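Given next, in structure tokens, is a single chain: the form deposited in one PDB entry.
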């Protein structure tokens, strides 16, 4: 309800690959995350998260945030949320199946 524009973790029109270079910029580590809106389909969001290193190389994972008919969102069908704000605080409390706990907004 326009409440995403002040969020430090929200990035408007940001592509998957721009999310990766953003999350690999200096100042980020595992847990660094952003939510981005898809550039083609307005209203469909992704979660991008700086993961644990693999084989001394940096890793960034991506998750589709899916849309409920009732307006809510979910990543895993085991737990659904009324908005992105509750989704973000839930995965900041625990990884709960994500590669890593959300720990810090992506630093620019």
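Only residues modelled in both forms are compared. Positions refer to the first chain, counted from 1. Note that the rigid core is defined as the largest set of C-alphas that superpose within 1.5 Å between two forms.
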**Study point:** Residue range whose averaged C-alpha B-factor is higher in the record, 36 to 44 or 74 to 82
**Key:** 36 to 44
Study note, to complete from the structure: The stretch carrying the higher mean Cα B factor in the deposited entry, 90 to 98 or 11 to 19, is 11 to 19
Review point. Among the modelled residues of its chain, does the C-alpha B-factor of residue 53 lie in the lowest, middle or highest third?
Key: middle
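Note that the form deposited in another entry isn't included here; everything after this is about it.
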Review point. When the two forms are laid on each other by their rigid core, does residue 68 show a Cα shift of 2 Å or more between this form and the one not shown?
Key: no
Point to revise | Threshold 2 Å Cα movement between this form and the one not shown for residue 27, core superposed | key: no
Check your understanding: Would you say residue 80 moves between this form and the one not shown, meaning its CA shifts by 2 Å or more once the core is fitted?
Key -> no
Check your understanding: Where do residue 39 and residue 59 end up in the other entry, Cα atoms closer or farther than shown, with a change of 3 Å or more?
Key -> closer
Exercise for review: Please say whether the CA atoms of residue 28 and residue 53 come closer or move farther apart in the other entry, knowing the change relative to this form is 3 Å or more.
Suggested key: farther
Study note, to complete from the structure: Rigid-core overlay between this form and the one not shown puts runs of three or more residues with Cα moved 2 angstroms or more at 38 to 43, 53 to 57
